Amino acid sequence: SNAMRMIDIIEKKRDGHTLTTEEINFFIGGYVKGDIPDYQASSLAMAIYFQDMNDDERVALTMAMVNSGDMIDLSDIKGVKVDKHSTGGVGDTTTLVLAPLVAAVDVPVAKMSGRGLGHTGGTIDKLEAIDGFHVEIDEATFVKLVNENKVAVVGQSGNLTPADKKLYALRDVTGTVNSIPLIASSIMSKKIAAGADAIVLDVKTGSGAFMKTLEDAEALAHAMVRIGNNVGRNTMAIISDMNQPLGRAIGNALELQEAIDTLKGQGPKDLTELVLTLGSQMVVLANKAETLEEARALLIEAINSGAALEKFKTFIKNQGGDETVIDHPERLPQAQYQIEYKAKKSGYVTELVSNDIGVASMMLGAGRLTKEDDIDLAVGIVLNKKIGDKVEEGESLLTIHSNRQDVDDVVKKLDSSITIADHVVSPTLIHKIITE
């Protein structure tokens, strides 16, 4: 019986034993069909939380979830399609730069993105700051664009990893999100289902990260790298710092402006370094260089020669956008009110609580609570100081870009998020580069 088979699987894992591939497939298939109840799935997840899963179990779980839905076939796109996944963070504007940059060195960027919920818009929301831009292209058009220009962007497919949509939602309401085998299989399933030949992972660490400690970020990164390599989608990872927002801009059009600056070699130093580190991994994985150092050289030349920016314009143009805005980004959506937020004392910026700066930006209209909320593409925060920068009393810490006069509640959220005290060093941005 379904009931007894699942009771036996639950007790087996509870008792510390390894599940077979067939047992894992039976669970996922049965769960996604509605044949195995949420209450048995949660019990198994909690048993997994305590007793864990080995790599073979983790791969079986990953692939069962892949096989629950759409498997996007990118085989007609020439070359090695490498995809980057970030566990997430306030100011993470890397995808905007990485797509044209990597494409500009002949690496196919077959990107599936979204809109969604969060402090700020998803990559597609940000790109829609450009008049005309859209992602309403069909399959054959996506394939053609990547073959001809090495870049294109579509939105989410309709049925990627339904077993994971269901299980993550359950994990979130039953205390079972924070378990390595469940996180690793969850993240990796979606990237594998989306068609990636190879995967680069940006695993954040620090107070603004999912994995707050370096040890936990490392554990998760290695676990995902081993899954990918085992299934034959070559995988590498970086552990990067999120003890403060990345770059300066937190918003939609504002982040697009920063991406444009970076693509001209005039962006924030942190964002530039993360881009070059992740890009270098992507270039090597795509067999467009033998070493990270060779890859980084290619990328910097692409930026310096203008090729990176020109590729961004081609990308925007090819999907309906007015690419002349890239050359004249002063014409992007501009907030009516630019309100300086000043340091209340002199010293050094020692703390910037990322998530709360994200909430502050969101409260201006930069992001959604519900799929039905509308985003204001013009609004956000631009940080004028980062951790370790000197600041004097009365100097601007950041600029608030608002389309409303009253930003009292945004200012109080920023008040809770900034600490000024005596000198500290800038935190190290790239903690670890993982190739195994």
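All residue numbers are counted from 1 along the displayed sequence.
Just going by the entry, 171 to 179 versus 285 to 293 on mean CA temperature factor gives the higher value to 285 to 293. Higher average CA B factor: 406 to 414, of the stretches 406 to 414 and 59 to 67.
Residues shown: 387, 369, 36, 400. Highest C-alpha temperature factor in the entry: 369. In this entry, the residue among 279, 89, 100, 251 with the greatest C-alpha B factor is 89. Compared with the other modelled residues of the chain, the Cα B-factor recorded for residue 19 ranks in the lowest third. Looking at the C-alpha B-factors along this chain, the one for residue 222 belongs to the lowest third. Among all modelled residues in this chain, the alpha-carbon of residue 303 has a temperature factor (C-alpha) in the middle third. Sort the chain's modelled residues by C-alpha temperature factor and residue 72 lands in the highest third, per the entry. Ranked within its chain, residue 383 lands in the lowest third, by CA B factor from the PDB record.
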